[PDB]
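Visitor: Residue numbers (the deposited numbering), protein chains in the order written: chain S, 1037 to 1134; chain L, 3 to 166, 192 to 1331; chain V, 741 to 789; chain Y, 593 to 641. Quick one: structure below, then a few questions.
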Ligand SMILES: Cc1cc2nc3c(=O)[nH]c(=O)nc-3n(C[C@H](O)[C@H](O)[C@H](O)COP(=O)(O)OP(=O)(O)OC[C@H]3O[C@@H](n4cnc5c(N)ncnc54)[C@H](O)[C@@H]3O)c2cc1C
Ligand SMILES: O=c1[nH]c(=O)c2[nH]c(=O)[nH]c2[nH]1
Ligand code: FES
Ligand code: FES
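Structure follows, in structure tokens:
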């Protein structure tokens, strides 16, 4: 983030992908020990590239939560997540795009 | 003058405003930033702060070197010396041989004690380049290690000794070149030729005068009698730090030549009062070597006491005068000085007098007959005369660096050519508020002949004269009384022997040869150790390190003091310090809080309480705890609030100015208190199988009884510590924490603040030990600190002092068991009922899970067809007890082995036969209906029984016992079964994240935390195999909630299993991605595949995850598997007890352990040894004492005696079972951390066997199936060896009187 | 460019294994890491930007 | 970046740059720099590991 509102856009993207409010998603920083081998934030293309990456990481999480969603299609986001956690399902994912 | 000038690692320090209250440890760490030197205790008992001092000694005219405790050395005592720290001898770029050998020999696990031990060994080598094995062990009397079990440290350092597949190769150790040590600062040599002048230092509260001449000292003492002398500071430093005493004017006389002199006179040797005992020791040693035995009786008495007096660090600076004038009731020297009538010269301006230490020298508690203006100049220790014999005695909890329970000096003078008593002196410490003489007993024996009548007279006399009040400070009233008589008996026999060697055998009679062993002075044979493990296949790549003894990845850094623990992190310029304020009442309403005095302390910022909590004051694993006390306090140590100040000194002072008013509420302390008040965490837990009525009715015999098992303090050498750094945006905070549980730290901070978890990052690089103590209880510091940071917008730090940590953070659960066992005459057990009670303290925490694991292990290794166990967790007004390595298993299994011991005795059959024939077999179901597959225990048993030559050794033990009346041996072999997996199924999960950078280097992280168990090392070994690249290309830097989320605690021995699988999966994903590049260039190197993947836009980042499958037990239905697999092992231990003192030697232990296919045999053997020695402490040494009002008395290494270097089995053999792959864990390994700990029960039951022999010897009537609670301390051992001495000392507990301590 | 914030680096040495953490005003964490690591002669895995 | 609090042991760096478009460096004299209070070191190419 250099004032172009990239984190703002990625949160907006993630919120649509996950179908939860933006209030429940946070970005703190960019770091080589969380995402390696990154291209510079340049060529106007950072929302294009990182938005797809974010989208894919979100889709993985969704896919992992869908058994818990089916079992409780009304019960809130928080219940799906806790259910996944106590069934020992991973709540961490990478995403990538080229 | 008033500039303080000294050197640190060769660099001159000029301190223009030295404060007398500043310790060297604080100066090194906080002023100079040299954090290799550690705080472990602040009271001189652990040696984590050891450094070397060099100076030009003007009196001896040469450069000298000695070791000190930096925690107790005032910088104002250090003018014109040269300090060397661990940083001063070497670094990872060029390690000193001492650093290299401790690292490479697997002598550094958690690493927190490593610098201190390094500096003890370093100092020894600077003084003696070719030490003996004995001198090496002696170097570490004042160093503690909680992880290693000590064996590898000594084994590595044995390579320096003049008198000297494998885990390490000493042949590869680089040689010592002493010309390459640091120069003695030339400036100090120059300055040696200037007169010393008097220096004056002025601090916030204290003035320090370093006096250069006797005149200045006596003048100052005349004009200001209040001036407090300080020499070594090893008492004053304690009084100041622990008893809140302030002496605003101090005078240090250490430089004054008259106080440092040694004069050989006709009557004896006179020591200046400021002579260190190190100098007394070397002077008396040489005197004893060269003079006739007849003249050195008293010298040898002093030396005997100095053997067991602290360690090298304390004795280097502690003065003979300081010990005398301190006038502790438990002085080890004053009894000897008094018994020998040692001559003290006292002076003041214009007065000189000489006195003989007798009863009148010590009038009252900590007083002498010195006038306030008088100092002690010298003490003459006397030559012994013909017919004059001397003995000194000390019995403590542990032999090395411990405080006397009873200590004594005893002297007799015979009328010449006779066996008639001319003089008799019997003096004791630990029997009164002062050093006392047995003045009513002793004169009656004058003119008597040294014979059985005198023995019986003196014992009757001592028992009447040396009364103790039930409430006597220290408790252990019966034991202490027994010791006075027991010591006299040894003296009696010793004098018989000494008479004998004076050709008067005919007159006094010879010693019955079965009594001779009673009079031997402690000697321990040199150690002999064996480590057996399995070689990896000949085919295995040299780059595949799985199953190889790779040293801990941080070992070199730990040896060099470069490894960073939480408090070693540099402070931000705006960083504040936090001090917790805790309840001094077990149960009370908080009436009011007065912060008026606290606000006056310079740098005070604020006092945080429940009202300052932004969101929720409800915390802890079951949400039943406060962040800060609200309305009532429910234990002594309950956190009420927290002071925030600029510095720790100012936070501590301000905290003392927080005055709290209480109104007491009914307190529930003990397990019994809880049973009577029906106060429990939840309902009864129960496992039951078969038919209990039938079994008992079928049984030939039934035995009932109880067992009490004392709790345990973790004594991680690094206490609890958190730094919280507020980021100023969106509630973001980063915490650096010594914790095994990042997830709960994160959750608890977030909930307290009312922010989402995604705002809070918790980072753990490494812990200086955890052992379960940091699975949950770390959060009580983390939340406090987080709040301070939030409130102030500034980083805030808190590291607990040892006393704080030990009081607040709780321990292993004490257990009370009531059992009833039914068995046949053959020793086969057919029925068992056990009720378990644990003392959980004032929050639930992990108590219920700990009870479940105890119940899951009440079988130990034994098939019992009809069985019923219950557990109940008591809710009390004590600190909340928590996880400790074993987590209820050790307690469960000790009870099992205890009734098992009584089955064997009742049947009159050999215990090993009875254990073996009750042992499970392959395919059996446990009492909880889990099938035992891959049941290796019988193999472990047969190998151990054979390699330890158990049967031949039985014969030697029996023979020893028939030939010795006052020493006995015992021998026992104990098995164990330990279920692997968290009792809560869903905690059996872990995650990893891996990156490959475009240079080919790999950055790995996983949910596990490093606490010295070598978890990161193992995960690197795993990743290296999985990726097929050298370990050198893979790095783990830290554990963090923002790299791997929702991690279970590093606990349940499980972390290598879970994180190993996660790492493996993450690695498999990367390999799947590189496959197409591998295929195109199959020999082209790893770096080329990676760069190719990168330039092909292929992700080089992956998560990995694992969950342990098929787990979930139901108590309702006694079905489902709680465990993934079981660990198995056997230990055979031999002991020799002192029937007169309760001391014992651990002669030999042999362990066979099933660790599957070890991931790392060096680490796994280290875990076996470490775990075993923690169990050794639990069952035989470690004891917590509480006031009747629930206040912990035991708050430091002075009173809490963990195993020392000298505690471990002399002969210590560990074998990892060969050829036992465990399919269902990572690379066929098994978890190792907790299962070995219970095998130290072998020492407990070996002691129990020896005691049984002692009771057969001297008992008469003696109850068979006598009681031995845990821990089996010297007190319990001695009290159980009933004899003519105990019989004359027993009786009391007059009804419900007040006593020092209550069993909780 | 006249970015209102000029170029700025904080580098924090960790004293273990060549590890170093850098706080940087940069659009390019990867090349920052790479260039620091090559200059020091340590692997990328020791350097966090 | 510069709003991050300094560590109590934190140092400051200042680059020394060429005042010529194209030249040989004939010599460097740090003798006046060494006189400045708080001066620690002057890094050059020879310091690169
Ligand atoms: C880890 C540890 C272990 C210990 N173990 C033991 C043990 O096993 N047995 C035992 O007996 N003690 C033990 N001690 C106590 C202590 O080490 C000794 O009492 C030591 O001899 C004190 O000497 P010092 O020079 O450090 O005294 P300081 O603390 O400097 O002074 C102690 C007292 O003596 C006074 N004083 C000192 N010199 C003179 C003088 N010439 N004239 C008048 N007053 C004087 C001081 O004013 C002060 O009141 C231990 C202490 C520690 C920290
Ligand atoms: O089954 C266990 N659960 C835990 O939470 C834990 N913690 C520990 O030290 N050992 C164990 N064992
Ligand atoms: S910290 Fe100094 S001896 Fe423990
Ligand atoms: S390695 Fe010694 S205390 Fe940890």
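Beta carbons are placed, not taken as given, at the ideal position from N, Cα and C, and that holds for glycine.
Check whether the Cβ atoms of residue 599(L) and residue 753(L) lie closer than 8 Å to each other.
Guide: Taking 8 Å as the Cβ cut-off, residue 599(L) and residue 753(L) do not qualify as a contacting pair.
Visitor: Count the other CB atoms within 10 Å of the CB of residue 608(Y); is the residue buried (16 or more) or exposed (fewer)?
Guide: Classification of residue 608(Y): exposed, given that the 10 Å Cβ count is below 16.
Visitor: Exposed or buried, what is residue 1140(L) when buried is set at 16 or more other beta-carbons lying within 10 Å of its beta-carbon?
Guide: With 16 or more other Cβ atoms within 10 Å, it is buried.
Visitor: Check the Cβ-Cβ distances between residue 1038(S) and every residue of chain V, and say whether any is below 8 Å.
Guide: Interface residue, yes.
Visitor: Using a Cβ cut-off of 8 Å, pull out every chain L residue sitting near residue 600(Y), in sequence order please.
Guide: Those are 597, 598, 599, 600, 602, listed as they occur along chain L.
Visitor: Answer with yes or no whether the minimum CB distance from residue 1119(L) to chain V is below 8 Å.
Guide: Chain V contact via Cβ: absent.
Visitor: Say whether chain V places a C-beta atom closer than 8 Å to the C-beta of residue 959(L).
Guide: So, not an interface residue.
Visitor: Determine the burial state of residue 251(L): buried for a count of at least 16 other Cβ atoms within 10 Å of its Cβ, exposed for fewer.
Guide: The residue in question, residue 251(L), is exposed, as its Cβ has fewer than 16 Cβ neighbours within 10 Å.
Visitor: In chain order, what residues have a CB nearer than 6 Å to some heavy atom of ligand 3?
Guide: In chain order, the hits are 41(L), 42(L), 43(L), 44(L), 46(L), 47(L), 48(L), 49(L), 50(L), 51(L), 71(L), 73(L).
Visitor: What do you reckon, are the CB atoms on residue 1126(L) and residue 1011(L) nearer than 8 Å?
Guide: Cβ atoms of residue 1126(L) and residue 1011(L): not closer than 8 Å.
Visitor: Would the segment 584-604 of chain L and the segment 21-38 of chain L be scored as touching if the rule is three or more Cβ pairs under 8 Å?
Guide: Contact between the segment 584-604 of chain L and the segment 21-38 of chain L is present, because at least three Cβ pairs lie under 8 Å.
Visitor: Under 7 Å: does the beta carbon of residue 147(L) sit that close to some heavy atom of ligand 4?
Guide: Checking the Cβ of residue 147(L) against ligand 4 gives yes.
Visitor: Is residue 359(L) near ligand 1, in the sense that its beta carbon is under 7 Å from a heavy atom of that ligand?
Guide: It does: the Cβ of residue 359(L) is within 7 Å (strictly closer) of some heavy atom of ligand 1.
Visitor: At a cut-off of 7 Å, is residue 396(L) close to ligand 1 when judged by its beta-carbon and the heavy atoms of the ligand?
Guide: Residue 396(L) Cβ: outside cutoff for every heavy atom of ligand 1.
Visitor: Which runs of the alpha helix (DSSP H) fall wholly inside the segment 1035-1109 of chain L and span at least 4 residues, in chain order?
Guide: List check, alpha helix (DSSP H) in window: 1042-1054, 1082-1107.
Visitor: With 8 Å as the threshold, decide whether the Cβ of residue 769(V) is near any Cβ in chain S.
Guide: True, the Cβ-Cβ gap to chain S drops below 8 Å.
Visitor: Can you pull every residue whose C-beta falls closer than 5 Å to some heavy atom of ligand 2, listed in chain order?
Guide: The set, ordered by position in the chain, is 799(L), 910(L), 914(L), 1009(L), 1010(L), 1078(L), 1079(L).
Visitor: Using a 10 Å radius around the Cβ and a threshold of 16 neighbouring Cβ atoms, would you call residue 207(L) buried or exposed?
Guide: Exposed is the call here.
Visitor: Hey, how far is the Cα of residue 418(L) from the Cα of residue 804(L)?
Guide: So the two alpha carbons sit approximately 48 Å from each other.
Visitor: Using 7 Å as the cut-off, classify the Cβ of residue 107(L) as near or not near the heavy atoms of ligand 4, replying yes or no.
Guide: No - ligand 4 has no heavy atom lying nearer than 7 Å to the Cβ of residue 107(L).
Visitor: So that I know if they touch, is there some Cβ in chain V lying closer than 8 Å to that of residue 1124(S)?
Guide: Judged by the 8 Å Cβ criterion, residue 1124(S) is not in contact with chain V.
Visitor: Here's the rule I'm using: 16 or more other beta-carbon atoms within 10 Å means buried, otherwise exposed. How should residue 619(Y) be labelled?
Guide: Residue 619(Y) comes out exposed.
Visitor: In whole angstroms, give me the CA-to-CA distance for residue 987(S) and residue 109(L).
Guide: Absent from the model: residue 987(S). The displayed extent of chain S is 1037 to 1134, so no value can be given.
Visitor: Who are the Cβ neighbours of residue 271(L) in its own chain at under 7 Å, not counting the five residues just before and after it?
Guide: Closer than 7 Å at the Cβ level, and outside the excluded window around residue 271(L), lie 683.
Visitor: Can you grab the Cα-Cα spacing for the pair residue 455(L) / residue 713(L), in whole Å?
Guide: Straight-line Cα distance between these residues: approximately 52 Å.
Visitor: Rank 434(L), 1271(L), 577(L), 1051(L) by C-alpha distance to the C-alpha of residue 1200(L) and give the top, closest one.
Guide: The option with the nearest alpha carbon to residue 1200(L) is 1271(L).
Visitor: From the DSSP output, which residues share a beta bridge with residue 761(V)?
Guide: DSSP lists 752(V), 788(V) as partners of residue 761(V).
Visitor: Taking the straight line between their C-alpha atoms, what separation do you get for residue 117(L) and residue 764(L)?
Guide: Between residue 117(L) and residue 764(L), the C-alpha separation is close to 21 Å.
Visitor: So is the beta-carbon of residue 28(L) under 7 Å away from any non-hydrogen atom of ligand 1?
Guide: The answer is no for residue 28(L).
Visitor: May I ask whether a heavy atom of ligand 1 can be found less than 7 Å away from the beta carbon of residue 246(L)?
Guide: Incorrect: residue 246(L) has no Cβ contact closer than 7 Å to ligand 1.
Visitor: Can you tell me where the alpha helix (DSSP H) with residue 938(L) in it begins and where it stops?
Guide: 938-945 is the extent of the alpha helix (DSSP H) around residue 938(L).
Visitor: Spell out whether any CB of chain V is found under 8 Å from the CB atom of residue 84(L).
Guide: No - not a single Cβ of chain V is within 8 Å of the one on residue 84(L).
Visitor: When every heavy atom of ligand 1 is checked, does at least one fall within less than 7 Å of the C-beta of residue 175(L)?
Guide: Any structural detail on residue 175(L) is unavailable, because chain L resumes at 192 straight after 166.
Visitor: Check each residue of the segment 575-590 of chain L: if its Cβ is closer than 7 Å to any Cβ of chain V, include it; give the result in chain order.
Guide: Under the 7 Å Cβ criterion, the segment 575-590 of chain L contributes 584, 589, 590.
Visitor: Let's test the definition: count the other Cβ atoms within 10 Å of the Cβ of residue 935(L) and tell me whether it reaches 16, buried, or not, exposed.
Guide: That one is exposed.
Visitor: Which partner residues of residue 52(L) appear in the DSSP bridge assignment?
Guide: Note: residue 52(L) sits in a beta bridge opposite 71(L).
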